[PDB]
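In structure tokens, one chain follows: the form deposited in one PDB entry.
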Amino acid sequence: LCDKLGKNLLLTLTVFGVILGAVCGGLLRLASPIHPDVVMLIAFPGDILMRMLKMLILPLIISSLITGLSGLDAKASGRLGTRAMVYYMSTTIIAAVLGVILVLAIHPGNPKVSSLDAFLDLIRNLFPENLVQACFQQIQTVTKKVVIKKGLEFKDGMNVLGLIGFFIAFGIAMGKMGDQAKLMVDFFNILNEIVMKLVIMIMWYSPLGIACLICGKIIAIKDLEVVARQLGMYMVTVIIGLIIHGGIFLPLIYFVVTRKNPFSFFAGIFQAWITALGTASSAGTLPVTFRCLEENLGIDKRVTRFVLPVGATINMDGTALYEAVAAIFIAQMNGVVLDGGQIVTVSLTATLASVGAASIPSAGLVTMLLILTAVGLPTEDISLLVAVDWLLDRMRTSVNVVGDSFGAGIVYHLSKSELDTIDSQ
């Protein structure tokens, strides 16, 4: 047990903290009248953890976007890389939109302005007038009686969408610079590494903060049965989203573009799928999916050796669907109804959050803060999903490993002629 617990010390501490917070909240529930100041003090370390995590989303957005869009090696990759990237973005967006549809349909949490103006505000926030203002303020439409007056007022909160847009453009241009801008790419690589070190430093404090957050959420909520039902229905929504996506949409895509049976493709990647369901890490399953594709499905080594390592981090269908579903679920437990602009923001920032989330287990929860602050939702509600994360995490990594495999198959099919010409010469 000493090697068992000491192997993944962070995981042991996080599980112990979650259990300790849950049991302490349950025990404190016995004192039915509770002082708001006392519950504030109990949840305060959770606030500290949330504040140190939200403190770093701006340097992470900047450095991550710049570093990723510069270190693409597009010319070296070729058209194979472009096909892989298009497939990655397409499937991630499909997964995010499917998740949004499923939450807005099932609405777990609801049991408990003009749309045109909302979309125009979305487009306005996508192009902020000022970067320093966009770091903490979003513009919005307000109509107040004086036929009716409408103007633009700055509401507080990070303008995540606008910053992401500007720094995607910035990274693209700086990559287009080429061998120049090497100094600035190195500067932002160093900045990103420093911020990741800070994020790990925070993650070591995470057990105590999560324990306090869960204790506060348990002691605060009125009816435990209502929240249990909401959590169960949220998990059902995520599971249905993953099943539909990774068992219908991806097979349908692979059949449309390749005219081949996707169920004959499934058997080839069954071992990779099981390993993902066990390892709960897309990166760990990577050698397994190489061997499975290369020997069972006969995919060429060039296309798999490119697609799989990149898709193990960039291409995460399940995490995207999970993040969209859970962001709308956090919105729905609070009673906050989301405008069209906020729904589109959830979709886009769920595509971005999936890309950022590394293949380490339980990173979607960390990247969730991107969506939560983009929409402006109470970030404290993450602990509820922390409670049941792991079971969804296994399914998520299974789905996105299946997505990687189908992408490898599709890109190989669309590049059979090119590889034939290369081998002939």
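The first residue of the shown sequence is 1; numbering continues from there. Just so we're on the same page, rigid core means the largest C-alpha set that superposes within 1.5 Å between forms.
Quick note: we don't show the form deposited in another entry, though the next part is all about it.
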Mobile residue between this form and the one not shown, C-alpha criterion 2 Å or more, rigid core, from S64, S359, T379, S398: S359
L27 C-alpha moves between this form and the one not shown by 2 Å or more, core aligned: no
Pairwise C-alpha change, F136 versus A363, in that other deposited form against this form - closer or farther, 3 angstroms or more: closer
Direction of C-alpha distance change in that other deposited form, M333 to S362 (at least 3 Å): farther
